[PDB]
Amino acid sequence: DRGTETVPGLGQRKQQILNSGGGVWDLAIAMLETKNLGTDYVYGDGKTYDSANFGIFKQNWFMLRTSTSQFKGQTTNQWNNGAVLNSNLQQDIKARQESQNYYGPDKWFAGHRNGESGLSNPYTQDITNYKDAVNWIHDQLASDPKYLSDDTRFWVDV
């Protein structure tokens, strides 16, 4: 199922994302990641090393260290270096955009959703379901410009 819900403060975050280099596409991805477009979920989303998640998109460390200028070349053991993305939105957005530009959208979705294993199996039903969910959210956000600044959240239960 899918739907809408009003989240106070959401329009502020939408506008900060869109004024920090993010596009409507970035907004759709982040809207699926968290309810509040925030970074205050549990540290690393409770995961460690290559599986740890950082930033408003919950990017994993494998992706960050393999495909972003800010962390390129870094090791699995260096995973705590990704925590800076939890309070630097500009670098967070740039990292995701760079990562998608390195891998391309299809493989970026696979690695974002399933890590390094996803890169070798990028068209599973689960990755496709995630891609279809982001696309649906994007199309709802694109359907009225009010959704770029109001407190409306579009959600999908992936």
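Just so we're on the same page, rigid core means the largest C-alpha set that superposes within 1.5 Å between forms. Residues carry their position along the shown sequence, with the first being 1.
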query	finding
Between stretches 21 to 29 and 5 to 13, more displaced by Cα RMS in 5 other deposited structures of this protein (rigid core superposition)	5 to 13
Comparing 47 to 55 and 113 to 121 where Cα RMS over structures and residues is taken in 5 other deposited structures of this protein (core fit), larger one	113 to 121
Within-chain third of residue 92 by Cα B-factor, per the entry	middle
Where the record places residue 35 (Cα B-factor, split into thirds across the chain)	highest
CA B-factor placement of residue 140, once the chain's modelled residues are sorted into thirds	middle
Assigned third (lowest, middle, highest) for the C-alpha B factor of residue 22	lowest
For residue 70, the third of its chain into which the C-alpha B factor falls	highest
